[PDB]
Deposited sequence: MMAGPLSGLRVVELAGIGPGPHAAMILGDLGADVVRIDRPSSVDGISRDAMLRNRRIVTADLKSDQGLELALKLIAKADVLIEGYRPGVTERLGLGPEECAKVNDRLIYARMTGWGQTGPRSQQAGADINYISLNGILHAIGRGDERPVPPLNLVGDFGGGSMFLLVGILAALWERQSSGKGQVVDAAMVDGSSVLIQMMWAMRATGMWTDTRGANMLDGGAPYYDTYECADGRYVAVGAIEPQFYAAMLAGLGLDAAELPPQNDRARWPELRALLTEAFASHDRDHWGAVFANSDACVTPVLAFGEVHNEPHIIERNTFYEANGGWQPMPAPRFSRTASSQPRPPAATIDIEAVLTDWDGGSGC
């Protein structure tokens, strides 16, 4: 298996959303990932893995898990705190048989604390630490940014950083440890810019009235003539001016970029402008500009866009497209992810592993 984590050995305890997304990216990058289910998947998330089944409630699955864990560099689990403990696969149990194990725990609320036993999804984890409040248009109730922010950006990504850091540390302590990845915490450091910004008046708790939430007329989407959108990211004044040029608007007849008092008149001017031609027109107007003007593409249009084609951001599998691994390494490059293959006997893996 190619890529930089070639050699690393990961055990994943099948659960939902963040945990597998982390196991996946490890896989993507060359790790040898082994996922334990209950007794083919056409879920792609389960690519770059071997799947085994066991019954960790029974004496005999318990025993085979530990055999796997003992040979493994990493364990991922994403259940309620106390659950691996009571199966007897806790951190203190795994330590007895392998004290070099990086024991990664993936939760919303964390290992400890009042909420640490309650159910929740992404929307609740980001409800509590400010993030969801800030997302959306001001005249309307907050909008969920999918599960991009807590599950992944603020969950699996921080689990991955926790695992790969703890692996750096082991390479001179020679021990592992437990990583407590809680989404409420990880998403907070994800949005730390806003927290910094709030302290110098460069961000406000008021919704829809900031520089990056769509309060700013030069940082938002515009509906075009044909009902589709373009995205404007022109913060820098030189970028903004190349944008005004493509639209063919005169700086003199416009409010200045940052006269917030007149941001409504500026937006109406930009709106009228962009609605006067279809999306694709603006693509051609602004091809090779610093205008920071791009088409808003629907998922099903993505594989036709040049820049996506030329860099193989995607590959074709099953129904349609998945993302190729990221990021990319110059010397030990990742290769095309392997599809989820049918089950494997758990014994044969111990034997693969010796």
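- Several segments of the deposited sequence have no coordinates for C-alpha: 1, 41-45, 361-365, numbered from the first residue.
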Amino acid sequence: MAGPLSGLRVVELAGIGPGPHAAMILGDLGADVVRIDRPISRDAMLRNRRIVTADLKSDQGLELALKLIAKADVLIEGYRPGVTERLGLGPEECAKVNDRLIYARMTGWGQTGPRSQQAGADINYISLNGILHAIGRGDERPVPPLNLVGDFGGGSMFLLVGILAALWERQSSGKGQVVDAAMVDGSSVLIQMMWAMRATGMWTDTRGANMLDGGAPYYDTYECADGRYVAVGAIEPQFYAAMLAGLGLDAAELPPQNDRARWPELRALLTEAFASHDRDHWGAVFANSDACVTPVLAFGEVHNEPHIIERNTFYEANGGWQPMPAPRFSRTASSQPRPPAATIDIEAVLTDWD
From here on, numbers count along this sequence of modelled residues.
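- As listed in the deposited structure, the average C-alpha B-factor of 333-341 and of 20-28 is greater for 333-341.
- Of the two segments, 249-257 and 225-233, the one listed with the higher mean B-factor is 249-257 (C-alpha atoms only).
- The residue among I123, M211, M194, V83 whose C-alpha atom has the highest B-factor in the PDB entry is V83.
- Within the selection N147, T206, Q111, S127, the deposited Cα B-factor values reach their highest point at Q111.
- In this PDB entry, the Cα temperature factor of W282 sits in the bottom third of its chain's modelled residues, the lowest group.
- Sorting the modelled residues of the chain by their CA temperature factor places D290 in the middle third.
- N98: CA B factor in the highest third of modelled residues in this chain (values from the PDB entry).
- Among the modelled residues of its chain, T200 has a C-alpha B-factor that falls in the lowest third according to the deposited record.
- The PDB entry assigns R47 a C-alpha temperature factor belonging to the lowest third of its chain's modelled residues.
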